[PDB]
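Enquirer: Have a look at this one before I ask anything.
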Amino acid sequence: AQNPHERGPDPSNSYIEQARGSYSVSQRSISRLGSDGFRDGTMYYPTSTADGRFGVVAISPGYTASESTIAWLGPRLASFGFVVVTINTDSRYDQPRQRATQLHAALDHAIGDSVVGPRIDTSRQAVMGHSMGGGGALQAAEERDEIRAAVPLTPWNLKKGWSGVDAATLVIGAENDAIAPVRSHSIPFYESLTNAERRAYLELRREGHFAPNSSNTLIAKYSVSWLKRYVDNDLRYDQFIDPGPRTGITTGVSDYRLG
């Protein structure tokens with residue numbers, strides 16, 4: 001490809017829905033000191049070195065703070081061609097700003113790791129997170145220019161104005177969310193991402209706050225597509241983002257916007 005960062009097969013709808021993509025995944029534990037709330041976690045990455053370095057995606061855990069809440073994302077997204085760091089934390093670190101701190105640390109930990117560091121293109125970083133972890137993803141994106149993509153999942157944040165984010169951002173809301181209602185969290189965030197390279201809002205029909213903590217084909221396929229497109233500049237994934245899913249019972253999508 002003209003594009004040096006293209007990894008893996010030409011995609012299809014079936015492909016991006018797979019539990020695992022083309023790449024076999026290895027994993028390596030994280031053990032670190034400090035008081036930021038991130039003392040452990042996991043790095044998932046393609047074993048194969050044949051294709052070049054990959055971007056790195058850090059994921060902030062969910063509402064209840066354990067890594068287990070986001071663990072399914074790690075090997076699944078990594079298998080499409082990413083280094084993926086899942087953070088473990090606890091309830092002392094529930095502020096989005098505290099979660100942002102950890103995301104920067106997780107990206108830096110993987111970059112600086114003797115095993116995984118050589119597999120990362122440090123110019124191509126990304127963040128995701130659930131709940132306040134999704135709020136923290138927005139904040140980390142505002143703070144780190146090397147973040148090329150953000151995918152907040154049912155994000156919670158009292159801060160509503162995201163003009164400071166340049167990273168392409170896909171906000172995934174849950175229609176029936178009673179913790180971070182879309183009307184006061186996700187959609188205001190989408191509406192204020194006025195400087196994001198691209199912004200998208202994808203609402204999960206008839207789901208609530210905790211949907212992102214279980215394997216979710218919608219979250220996975222659109223996360224894969226967004227990360228591919230903005231972390232890898234991979235135009236092969238535009239076909240899934242625009243026009244995107246139609247809404248209704250048959251797609252499980254209650255709202256989809258691009259801007």
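Ligands are numbered from 1 in the order shown, residues from 1 within each chain, and chains are lettered A, B, ... in the order they appear in the structure tokens.
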Report as CSV: every residue of range 31-77 of chain A with an atom at most 7 Å from range 116-137 of chain A, its closest pair of atoms, and their distance in Å to one decimal, counting only C-alpha atoms, with rows sorted by chain and ascending residue number.
Expert:
residue,atom,partner,partner_atom,distance
A:53,CA,A:119,CA,4.6
A:54,CA,A:120,CA,5.1
A:55,CA,A:124,CA,4.9
A:56,CA,A:125,CA,4.9
A:57,CA,A:126,CA,4.5
A:58,CA,A:127,CA,4.8
A:59,CA,A:128,CA,4.6
A:60,CA,A:129,CA,4.2
A:61,CA,A:130,CA,5.7
A:62,CA,A:130,CA,4.4
A:63,CA,A:131,CA,5.4
Enquirer: Now that the selection is made, can you save its residues with N, CA, C and O atoms as a short mmCIF file (atom, residue, chain, number, x, y, z; two decimals), in the first residue's frame?
Expert:
data_model
loop_
_atom_site.label_atom_id
_atom_site.label_comp_id
_atom_site.auth_asym_id
_atom_site.auth_seq_id
_atom_site.Cartn_x
_atom_site.Cartn_y
_atom_site.Cartn_z
N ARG A 53 5.56 -2.25 12.81
CA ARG A 53 5.11 -1.77 14.11
C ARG A 53 3.61 -1.48 14.03
O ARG A 53 3.03 -1.44 12.94
N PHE A 54 3.00 -1.36 15.21
CA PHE A 54 1.57 -1.10 15.33
C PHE A 54 1.37 0.15 16.17
O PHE A 54 2.23 0.58 16.92
N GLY A 55 0.17 0.73 16.05
CA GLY A 55 -0.22 1.77 16.97
C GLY A 55 -0.52 1.15 18.34
O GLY A 55 -0.73 -0.06 18.43
N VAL A 56 -0.60 2.02 19.36
CA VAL A 56 -0.89 1.57 20.71
C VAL A 56 -2.16 2.25 21.21
O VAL A 56 -2.30 3.48 21.10
N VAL A 57 -3.03 1.40 21.79
CA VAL A 57 -4.32 1.81 22.33
C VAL A 57 -4.35 1.51 23.83
O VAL A 57 -4.20 0.35 24.17
N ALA A 58 -4.59 2.53 24.67
CA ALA A 58 -4.76 2.32 26.10
C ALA A 58 -6.24 2.41 26.46
O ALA A 58 -6.92 3.30 25.99
N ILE A 59 -6.69 1.52 27.32
CA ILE A 59 -8.10 1.41 27.69
C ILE A 59 -8.22 1.55 29.21
O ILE A 59 -7.72 0.71 29.95
N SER A 60 -9.03 2.55 29.60
CA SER A 60 -9.40 2.79 30.97
C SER A 60 -10.57 1.89 31.32
O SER A 60 -11.53 1.79 30.56
N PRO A 61 -10.56 1.27 32.51
CA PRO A 61 -11.60 0.34 32.89
C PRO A 61 -12.91 1.06 33.25
O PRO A 61 -13.01 2.28 33.21
N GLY A 62 -13.91 0.23 33.52
CA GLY A 62 -15.28 0.69 33.65
C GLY A 62 -15.63 1.26 35.01
O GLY A 62 -14.80 1.61 35.84
N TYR A 63 -16.95 1.40 35.16
CA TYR A 63 -17.58 2.06 36.29
C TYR A 63 -17.06 1.54 37.64
O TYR A 63 -16.94 2.31 38.60
#
Enquirer: Would you please extract all strand (DSSP E or B) residues from range 12-201 of chain A, as assigned by DSSP on the backbone, and give them as a PyMOL selection string?
Expert: chain A and resi 25-31+40-46+54-60+83-88+120-130+147-153+168-174+199-201
Enquirer: Write out as a list in words the residues lying within 12 Å of residue 142 in chain A, counting only C-alpha atoms and excluding same-chain residues fewer than 6 positions away.
Expert: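 The filter keeps residues 97, 100, 101, 104, 126, 127, 135, 136, 148, 149, 150, 161, 162, 163, 164, 165, 166, 167, 168, 169, 193, 195 and 196 of chain A.
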Enquirer: Could you dump the residues just selected with N, CA, C and O atoms as a PDB file, in the first residue's frame?
Expert:
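Once written, again08.pdb looks like this:
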ATOM      1  N   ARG A  97     -10.320  12.903  35.372  1.00  0.00           N
ATOM      2  CA  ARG A  97      -8.970  13.440  35.301  1.00  0.00           C
ATOM      3  C   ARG A  97      -7.974  12.415  35.840  1.00  0.00           C
ATOM      4  O   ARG A  97      -6.871  12.330  35.335  1.00  0.00           O
ATOM      5  N   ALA A 100      -7.519   9.892  33.136  1.00  0.00           N
ATOM      6  CA  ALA A 100      -6.667  10.420  32.080  1.00  0.00           C
ATOM      7  C   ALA A 100      -5.203  10.220  32.458  1.00  0.00           C
ATOM      8  O   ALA A 100      -4.412   9.801  31.623  1.00  0.00           O
ATOM      9  N   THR A 101      -4.849  10.577  33.708  1.00  0.00           N
ATOM     10  CA  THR A 101      -3.486  10.376  34.190  1.00  0.00           C
ATOM     11  C   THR A 101      -2.993   8.954  33.896  1.00  0.00           C
ATOM     12  O   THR A 101      -1.879   8.742  33.397  1.00  0.00           O
ATOM     13  N   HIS A 104      -2.258   8.085  30.052  1.00  0.00           N
ATOM     14  CA  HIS A 104      -0.919   8.560  29.646  1.00  0.00           C
ATOM     15  C   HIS A 104       0.117   7.573  30.171  1.00  0.00           C
ATOM     16  O   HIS A 104       1.032   7.189  29.438  1.00  0.00           O
ATOM     17  N   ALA A 126      -3.680   5.957  20.876  1.00  0.00           N
ATOM     18  CA  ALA A 126      -5.131   6.025  20.946  1.00  0.00           C
ATOM     19  C   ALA A 126      -5.563   5.711  22.369  1.00  0.00           C
ATOM     20  O   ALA A 126      -4.854   5.023  23.086  1.00  0.00           O
ATOM     21  N   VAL A 127      -6.757   6.173  22.758  1.00  0.00           N
ATOM     22  CA  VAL A 127      -7.346   5.865  24.047  1.00  0.00           C
ATOM     23  C   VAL A 127      -8.801   5.445  23.900  1.00  0.00           C
ATOM     24  O   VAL A 127      -9.509   5.876  23.001  1.00  0.00           O
ATOM     25  N   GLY A 135     -14.838   9.221  30.034  1.00  0.00           N
ATOM     26  CA  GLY A 135     -14.554  10.626  30.250  1.00  0.00           C
ATOM     27  C   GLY A 135     -13.055  10.920  30.274  1.00  0.00           C
ATOM     28  O   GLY A 135     -12.632  11.952  29.819  1.00  0.00           O
ATOM     29  N   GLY A 136     -12.284  10.006  30.878  1.00  0.00           N
ATOM     30  CA  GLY A 136     -10.840  10.167  30.987  1.00  0.00           C
ATOM     31  C   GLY A 136     -10.142  10.067  29.641  1.00  0.00           C
ATOM     32  O   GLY A 136      -9.162  10.778  29.410  1.00  0.00           O
ATOM     33  N   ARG A 148      -4.313   9.769  18.182  1.00  0.00           N
ATOM     34  CA  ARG A 148      -4.879   9.958  16.876  1.00  0.00           C
ATOM     35  C   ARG A 148      -6.335   9.538  16.842  1.00  0.00           C
ATOM     36  O   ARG A 148      -7.023   9.866  15.877  1.00  0.00           O
ATOM     37  N   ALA A 149      -6.783   8.803  17.869  1.00  0.00           N
ATOM     38  CA  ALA A 149      -8.139   8.290  17.926  1.00  0.00           C
ATOM     39  C   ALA A 149      -8.546   8.125  19.382  1.00  0.00           C
ATOM     40  O   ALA A 149      -7.725   7.702  20.204  1.00  0.00           O
ATOM     41  N   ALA A 150      -9.826   8.443  19.673  1.00  0.00           N
ATOM     42  CA  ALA A 150     -10.425   8.172  20.955  1.00  0.00           C
ATOM     43  C   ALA A 150     -11.760   7.478  20.753  1.00  0.00           C
ATOM     44  O   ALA A 150     -12.528   7.881  19.896  1.00  0.00           O
ATOM     45  N   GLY A 161     -17.403  20.321  27.339  1.00  0.00           N
ATOM     46  CA  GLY A 161     -16.824  21.039  26.217  1.00  0.00           C
ATOM     47  C   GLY A 161     -15.503  20.404  25.782  1.00  0.00           C
ATOM     48  O   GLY A 161     -14.519  20.458  26.499  1.00  0.00           O
ATOM     49  N   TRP A 162     -15.508  19.842  24.577  1.00  0.00           N
ATOM     50  CA  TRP A 162     -14.389  19.055  24.070  1.00  0.00           C
ATOM     51  C   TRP A 162     -13.773  19.659  22.812  1.00  0.00           C
ATOM     52  O   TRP A 162     -13.121  18.965  22.059  1.00  0.00           O
ATOM     53  N   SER A 163     -13.818  20.984  22.667  1.00  0.00           N
ATOM     54  CA  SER A 163     -13.193  21.689  21.570  1.00  0.00           C
ATOM     55  C   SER A 163     -11.682  21.495  21.567  1.00  0.00           C
ATOM     56  O   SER A 163     -11.036  21.716  20.543  1.00  0.00           O
ATOM     57  N   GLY A 164     -11.121  21.128  22.724  1.00  0.00           N
ATOM     58  CA  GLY A 164      -9.681  20.946  22.826  1.00  0.00           C
ATOM     59  C   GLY A 164      -9.195  19.630  22.225  1.00  0.00           C
ATOM     60  O   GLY A 164      -7.993  19.437  22.171  1.00  0.00           O
ATOM     61  N   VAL A 165     -10.096  18.740  21.773  1.00  0.00           N
ATOM     62  CA  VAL A 165      -9.693  17.460  21.209  1.00  0.00           C
ATOM     63  C   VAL A 165      -9.549  17.578  19.705  1.00  0.00           C
ATOM     64  O   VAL A 165     -10.512  17.876  19.025  1.00  0.00           O
ATOM     65  N   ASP A 166      -8.371  17.214  19.199  1.00  0.00           N
ATOM     66  CA  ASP A 166      -8.099  17.160  17.764  1.00  0.00           C
ATOM     67  C   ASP A 166      -8.259  15.736  17.241  1.00  0.00           C
ATOM     68  O   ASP A 166      -8.497  15.557  16.070  1.00  0.00           O
ATOM     69  N   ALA A 167      -8.086  14.739  18.109  1.00  0.00           N
ATOM     70  CA  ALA A 167      -8.148  13.341  17.721  1.00  0.00           C
ATOM     71  C   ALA A 167      -9.538  13.028  17.208  1.00  0.00           C
ATOM     72  O   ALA A 167     -10.532  13.486  17.765  1.00  0.00           O
ATOM     73  N   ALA A 168      -9.579  12.220  16.161  1.00  0.00           N
ATOM     74  CA  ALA A 168     -10.817  11.642  15.705  1.00  0.00           C
ATOM     75  C   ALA A 168     -11.468  10.851  16.829  1.00  0.00           C
ATOM     76  O   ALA A 168     -10.855   9.910  17.343  1.00  0.00           O
ATOM     77  N   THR A 169     -12.737  11.178  17.173  1.00  0.00           N
ATOM     78  CA  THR A 169     -13.388  10.600  18.323  1.00  0.00           C
ATOM     79  C   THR A 169     -14.758   9.994  17.995  1.00  0.00           C
ATOM     80  O   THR A 169     -15.643  10.664  17.433  1.00  0.00           O
ATOM     81  N   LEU A 193     -17.297  18.204  20.188  1.00  0.00           N
ATOM     82  CA  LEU A 193     -16.042  17.733  19.580  1.00  0.00           C
ATOM     83  C   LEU A 193     -15.847  18.419  18.232  1.00  0.00           C
ATOM     84  O   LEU A 193     -15.658  17.772  17.200  1.00  0.00           O
ATOM     85  N   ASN A 195     -13.572  20.176  16.970  1.00  0.00           N
ATOM     86  CA  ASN A 195     -12.254  20.241  16.345  1.00  0.00           C
ATOM     87  C   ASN A 195     -11.666  18.850  16.089  1.00  0.00           C
ATOM     88  O   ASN A 195     -10.571  18.760  15.542  1.00  0.00           O
ATOM     89  N   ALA A 196     -12.426  17.800  16.410  1.00  0.00           N
ATOM     90  CA  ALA A 196     -12.007  16.427  16.159  1.00  0.00           C
ATOM     91  C   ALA A 196     -11.884  16.194  14.656  1.00  0.00           C
ATOM     92  O   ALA A 196     -12.766  16.590  13.905  1.00  0.00           O
TER      93      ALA A 196
END
Enquirer: Would you tabulate, counting only C-alpha atoms, all residues of range 68-186 of chain A that have an atom at most 7 Å from an atom of range 35-40 of chain A, showing the closest pair of atoms and their distance in Å to one decimal, sorted by chain then ascending number, as CSV?
Expert:
residue,atom,partner,partner_atom,distance
A:87,CA,A:38,CA,6.5
A:88,CA,A:40,CA,5.7
A:89,CA,A:37,CA,5.4
A:90,CA,A:37,CA,6.7
A:93,CA,A:37,CA,6.2
A:102,CA,A:38,CA,6.1
Enquirer: I need the residues of range 47-257 of chain A that end up classed as alpha helix (DSSP H) by DSSP on the backbone, written out as a CSV table (one decimal) with N, CA, C and O atoms, in the first residue's frame.
Expert:
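See states.csv below for the written result:
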chain,number,residue,atom,x,y,z
A,73,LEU,N,-11.9,-6.5,25.5
A,73,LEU,CA,-11.4,-5.7,24.4
A,73,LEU,C,-10.0,-5.9,24.1
A,73,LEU,O,-9.5,-5.6,23.0
A,74,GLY,N,-9.2,-6.4,25.0
A,74,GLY,CA,-7.7,-6.4,24.9
A,74,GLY,C,-7.3,-7.3,23.7
A,74,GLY,O,-6.7,-6.8,22.8
A,75,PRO,N,-7.5,-8.6,23.8
A,75,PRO,CA,-7.0,-9.5,22.8
A,75,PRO,C,-7.9,-9.3,21.5
A,75,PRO,O,-7.4,-9.6,20.4
A,76,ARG,N,-9.1,-8.9,21.7
A,76,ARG,CA,-10.0,-8.8,20.5
A,76,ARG,C,-9.5,-7.7,19.6
A,76,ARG,O,-9.2,-7.9,18.4
A,77,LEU,N,-9.3,-6.5,20.2
A,77,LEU,CA,-8.8,-5.4,19.3
A,77,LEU,C,-7.3,-5.6,18.9
A,77,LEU,O,-6.9,-5.3,17.8
A,78,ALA,N,-6.5,-6.3,19.8
A,78,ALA,CA,-5.1,-6.4,19.4
A,78,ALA,C,-5.0,-7.3,18.2
A,78,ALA,O,-4.1,-7.1,17.4
A,96,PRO,N,-12.7,11.4,36.0
A,96,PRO,CA,-12.1,11.4,34.7
A,96,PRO,C,-10.7,11.8,34.6
A,96,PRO,O,-9.9,11.3,33.9
A,97,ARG,N,-10.3,12.9,35.4
A,97,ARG,CA,-9.0,13.4,35.3
A,97,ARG,C,-8.0,12.4,35.8
A,97,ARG,O,-6.9,12.3,35.3
A,98,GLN,N,-8.4,11.6,36.9
A,98,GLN,CA,-7.5,10.6,37.4
A,98,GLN,C,-7.4,9.5,36.4
A,98,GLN,O,-6.3,8.9,36.3
A,99,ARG,N,-8.5,9.2,35.7
A,99,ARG,CA,-8.4,8.1,34.7
A,99,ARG,C,-7.5,8.6,33.5
A,99,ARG,O,-6.8,7.8,32.9
A,100,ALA,N,-7.5,9.9,33.1
A,100,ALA,CA,-6.7,10.4,32.1
A,100,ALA,C,-5.2,10.2,32.5
A,100,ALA,O,-4.4,9.8,31.6
A,101,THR,N,-4.8,10.6,33.7
A,101,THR,CA,-3.5,10.4,34.2
A,101,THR,C,-3.0,9.0,33.9
A,101,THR,O,-1.9,8.7,33.4
A,102,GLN,N,-3.8,8.0,34.2
A,102,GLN,CA,-3.5,6.6,34.0
A,102,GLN,C,-3.3,6.2,32.6
A,102,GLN,O,-2.5,5.4,32.2
A,103,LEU,N,-4.2,6.8,31.7
A,103,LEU,CA,-4.1,6.5,30.3
A,103,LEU,C,-2.7,6.9,29.7
A,103,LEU,O,-2.1,6.1,29.0
A,104,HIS,N,-2.3,8.1,30.1
A,104,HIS,CA,-0.9,8.6,29.6
A,104,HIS,C,0.1,7.6,30.2
A,104,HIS,O,1.0,7.2,29.4
A,105,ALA,N,0.0,7.1,31.4
A,105,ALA,CA,1.0,6.2,32.0
A,105,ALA,C,1.0,4.9,31.3
A,105,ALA,O,2.0,4.2,31.2
A,106,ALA,N,-0.2,4.4,30.9
A,106,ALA,CA,-0.3,3.1,30.3
A,106,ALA,C,0.3,3.2,28.9
A,106,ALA,O,1.0,2.2,28.5
A,107,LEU,N,0.1,4.3,28.1
A,107,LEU,CA,0.7,4.4,26.8
A,107,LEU,C,2.2,4.4,27.0
A,107,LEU,O,2.9,3.6,26.3
A,108,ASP,N,2.7,5.3,27.9
A,108,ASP,CA,4.1,5.4,28.2
A,108,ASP,C,4.7,4.1,28.7
A,108,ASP,O,5.9,3.7,28.3
A,109,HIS,N,3.9,3.3,29.5
A,109,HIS,CA,4.5,2.1,30.0
A,109,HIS,C,4.8,1.1,28.8
A,109,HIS,O,5.8,0.5,28.7
A,110,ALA,N,3.8,1.0,27.9
A,110,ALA,CA,4.0,0.1,26.8
A,110,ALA,C,5.1,0.6,25.9
A,110,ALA,O,5.9,-0.2,25.4
A,111,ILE,N,5.2,1.9,25.6
A,111,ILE,CA,6.2,2.5,24.8
A,111,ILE,C,7.6,2.1,25.3
A,111,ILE,O,8.5,1.8,24.6
A,132,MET,N,-16.5,6.5,33.6
A,132,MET,CA,-15.6,7.7,33.9
A,132,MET,C,-14.3,7.5,33.1
A,132,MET,O,-13.6,8.4,32.9
A,133,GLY,N,-14.0,6.2,32.8
A,133,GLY,CA,-12.8,5.9,32.0
A,133,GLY,C,-13.0,6.4,30.5
A,133,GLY,O,-12.0,6.9,29.9
A,134,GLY,N,-14.2,6.5,30.1
A,134,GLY,CA,-14.5,7.1,28.8
A,134,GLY,C,-14.4,8.6,28.9
A,134,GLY,O,-13.9,9.3,28.0
A,135,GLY,N,-14.8,9.2,30.0
A,135,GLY,CA,-14.6,10.6,30.2
A,135,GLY,C,-13.1,10.9,30.3
A,135,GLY,O,-12.6,12.0,29.8
A,136,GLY,N,-12.3,10.0,30.9
A,136,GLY,CA,-10.8,10.2,31.0
A,136,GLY,C,-10.1,10.1,29.6
A,136,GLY,O,-9.2,10.8,29.4
A,137,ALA,N,-10.7,9.3,28.7
A,137,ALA,CA,-10.2,9.1,27.4
A,137,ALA,C,-10.3,10.5,26.7
A,137,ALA,O,-9.4,11.0,26.0
A,138,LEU,N,-11.5,11.2,26.8
A,138,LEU,CA,-11.6,12.5,26.2
A,138,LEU,C,-10.5,13.4,26.7
A,138,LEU,O,-9.9,14.2,26.0
A,139,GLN,N,-10.3,13.4,28.1
A,139,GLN,CA,-9.4,14.3,28.7
A,139,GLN,C,-8.0,14.0,28.2
A,139,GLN,O,-7.2,14.9,28.0
A,140,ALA,N,-7.6,12.7,28.1
A,140,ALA,CA,-6.3,12.3,27.7
A,140,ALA,C,-6.0,12.7,26.2
A,140,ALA,O,-5.0,13.2,25.9
A,141,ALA,N,-7.1,12.6,25.4
A,141,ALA,CA,-7.0,13.0,24.0
A,141,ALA,C,-6.7,14.5,23.9
A,141,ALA,O,-6.0,15.0,23.0
A,142,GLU,N,-7.3,15.3,24.8
A,142,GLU,CA,-7.1,16.8,24.8
A,142,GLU,C,-5.6,17.1,25.1
A,142,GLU,O,-5.0,18.0,24.7
A,143,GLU,N,-5.1,16.2,26.0
A,143,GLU,CA,-3.8,16.5,26.6
A,143,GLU,C,-2.6,15.9,25.8
A,143,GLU,O,-1.5,16.4,26.0
A,186,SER,N,-22.9,11.6,26.6
A,186,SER,CA,-22.4,11.2,25.3
A,186,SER,C,-22.7,12.3,24.2
A,186,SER,O,-21.9,12.7,23.4
A,187,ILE,N,-24.0,12.7,24.1
A,187,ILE,CA,-24.3,13.5,23.0
A,187,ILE,C,-23.8,14.9,23.1
A,187,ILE,O,-23.2,15.5,22.2
A,188,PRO,N,-23.9,15.6,24.3
A,188,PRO,CA,-23.1,16.8,24.5
A,188,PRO,C,-21.6,16.7,24.1
A,188,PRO,O,-21.1,17.7,23.5
A,189,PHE,N,-21.0,15.6,24.4
A,189,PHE,CA,-19.6,15.4,24.1
A,189,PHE,C,-19.4,15.4,22.5
A,189,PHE,O,-18.6,16.1,22.0
A,190,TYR,N,-20.2,14.5,21.9
A,190,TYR,CA,-20.3,14.5,20.4
A,190,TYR,C,-20.4,16.0,19.9
A,190,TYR,O,-19.7,16.4,19.0
A,191,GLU,N,-21.4,16.7,20.4
A,191,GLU,CA,-21.7,18.0,19.9
A,191,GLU,C,-20.6,19.1,20.1
A,191,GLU,O,-20.5,20.0,19.3
A,192,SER,N,-19.8,18.9,21.2
A,192,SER,CA,-18.7,19.8,21.4
A,192,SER,C,-17.3,19.3,20.9
A,192,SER,O,-16.4,20.1,21.0
A,217,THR,N,-20.6,-7.0,19.7
A,217,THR,CA,-20.2,-7.0,18.3
A,217,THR,C,-20.2,-5.6,17.8
A,217,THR,O,-19.3,-5.3,17.0
A,218,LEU,N,-21.2,-4.8,18.1
A,218,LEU,CA,-21.3,-3.4,17.7
A,218,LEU,C,-20.1,-2.6,18.2
A,218,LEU,O,-19.5,-1.9,17.4
A,219,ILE,N,-19.8,-2.7,19.5
A,219,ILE,CA,-18.7,-1.9,20.0
A,219,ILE,C,-17.4,-2.4,19.3
A,219,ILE,O,-16.6,-1.5,18.9
A,220,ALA,N,-17.3,-3.7,19.2
A,220,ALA,CA,-16.0,-4.2,18.6
A,220,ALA,C,-15.8,-3.8,17.2
A,220,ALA,O,-14.8,-3.2,16.8
A,221,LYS,N,-16.9,-3.9,16.4
A,221,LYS,CA,-16.6,-3.7,14.9
A,221,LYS,C,-16.4,-2.2,14.6
A,221,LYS,O,-15.6,-1.9,13.7
A,222,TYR,N,-17.1,-1.3,15.3
A,222,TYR,CA,-16.9,0.1,15.1
A,222,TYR,C,-15.6,0.6,15.8
A,222,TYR,O,-15.0,1.6,15.3
A,223,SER,N,-15.2,0.0,16.9
A,223,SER,CA,-14.0,0.3,17.5
A,223,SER,C,-12.8,-0.1,16.6
A,223,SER,O,-12.0,0.7,16.3
A,224,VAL,N,-12.9,-1.3,16.1
A,224,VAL,CA,-11.9,-1.8,15.1
A,224,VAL,C,-11.8,-0.8,13.9
A,224,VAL,O,-10.7,-0.3,13.5
A,225,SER,N,-13.0,-0.5,13.4
A,225,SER,CA,-13.0,0.4,12.1
A,225,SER,C,-12.4,1.8,12.4
A,225,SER,O,-11.6,2.3,11.7
A,226,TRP,N,-12.8,2.3,13.6
A,226,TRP,CA,-12.3,3.7,13.9
A,226,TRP,C,-10.8,3.7,14.2
A,226,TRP,O,-10.1,4.6,13.7
A,227,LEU,N,-10.4,2.7,15.0
A,227,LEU,CA,-9.0,2.7,15.3
A,227,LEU,C,-8.1,2.5,14.0
A,227,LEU,O,-7.2,3.1,13.8
A,228,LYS,N,-8.5,1.5,13.2
A,228,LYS,CA,-7.9,1.3,11.9
A,228,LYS,C,-7.8,2.6,11.1
A,228,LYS,O,-6.8,3.0,10.6
A,229,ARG,N,-9.0,3.2,11.0
A,229,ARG,CA,-9.0,4.4,10.1
A,229,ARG,C,-8.1,5.5,10.7
A,229,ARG,O,-7.4,6.2,9.9
A,230,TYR,N,-8.1,5.8,12.0
A,230,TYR,CA,-7.4,7.0,12.5
A,230,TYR,C,-6.1,6.7,13.1
A,230,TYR,O,-5.2,7.7,13.1
A,231,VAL,N,-5.8,5.6,13.7
A,231,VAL,CA,-4.5,5.2,14.2
A,231,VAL,C,-3.7,4.7,13.0
A,231,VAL,O,-2.5,5.1,13.0
A,238,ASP,N,-13.0,3.1,5.9
A,238,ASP,CA,-14.0,4.2,5.8
A,238,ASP,C,-15.4,3.6,5.4
A,238,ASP,O,-16.4,4.2,5.8
A,239,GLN,N,-15.4,2.5,4.6
A,239,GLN,CA,-16.6,1.9,4.1
A,239,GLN,C,-17.5,1.5,5.2
A,239,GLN,O,-18.7,1.5,5.0
A,240,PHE,N,-17.0,1.3,6.4
A,240,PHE,CA,-17.9,0.9,7.5
A,240,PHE,C,-18.4,2.1,8.4
A,240,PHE,O,-19.3,2.0,9.1
A,241,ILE,N,-17.6,3.2,8.2
A,241,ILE,CA,-17.9,4.4,9.1
A,241,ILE,C,-18.9,5.4,8.4
A,241,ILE,O,-19.7,6.0,9.0
